[PDB]
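> build me a model:
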Amino acid sequence: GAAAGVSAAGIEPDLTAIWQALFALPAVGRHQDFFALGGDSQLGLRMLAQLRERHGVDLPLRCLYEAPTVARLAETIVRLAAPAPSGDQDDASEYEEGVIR
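Numbers count the residues shown, from 1 in each chain. What follows is the structure:
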């Protein structure tokens with residue numbers, strides 16, 4: 001994960017709760033953009049898929065290019081009312097059943 005424990009200050013759109021829970025830290029800073037907020041490309045793709053499962057919503061590369069900053073991202077994804085015509089993916093590794101004693 002990123003950093004241990006929890007903290008909150010004020011009130012922010014629930015997009016920020018998705019980010020802090022999926023990046024495993026005490027809170028995300030409002031001025032930062034998806035390409036940095038995701039940390040890694042497979043982790044941004046993971047965040048995209050798991051947000052689509054938590055919220056019912058795609059984040060298209062359009063708004064990740066023209067508005068990736070989390071307040072502006074939440075405002076654009078509300079205004080453009082994303083109908084999320086995607087399918088799904090899974091990321092979780094299977095667990096062991098017979099290779100060990």
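> contacts only, for the residue minimising distance to the centre of the chain.
In the chain, the residue lying closest to the centroid (Cα atoms, centre = their mean) is residue 47, at 3.5 Å. Going by Cβ atoms under 8 Å, 6 or more residues apart in numbering, residue 47 touches 18-19, 22-23, 37-38. In this view, the C-beta of every residue, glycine as well, is placed from N, C-alpha and C.
> show residues contacting the helix or strand residue 64 falls within.
Per DSSP states H and E, residue 64 falls inside helix 61-66. Under the criterion Cβ under 8 Å, 6+ apart, residues 34-35, 73, 76-77, 80 lie in contact with helix 61-66.
> of all those, which comes closest to residue 91?
The closest of the contacts of helix 61-66 to residue 91 turns out to be residue 34 (Cβ to Cβ; 17.8 Å).
> what's around the closest residue to that closest one other than its chain neighbours, how many residues?
Spatial nearest neighbour of residue 34, excluding adjacent residues (Cβ to Cβ, 6 or more residues apart in numbering): residue 68 at 3.8 Å. Using other Cβ atoms under 10 Å, the number of residues around residue 68 comes to 19.
> which parts of this protein are strands?
Taking DSSP state E as the criterion, the chain carries no strands.
> in JSON lines, list the contacts of residue 47 along with neighbour count.
Output for the contacts of residue 47, formatted as JSON lines (neighbours: other Cβ atoms under 10 Å):
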{"residue": "18", "neighbour count": "19"}
{"residue": "19", "neighbour count": "21"}
{"residue": "22", "neighbour count": "17"}
{"residue": "23", "neighbour count": "17"}
{"residue": "37", "neighbour count": "19"}
{"residue": "38", "neighbour count": "20"}
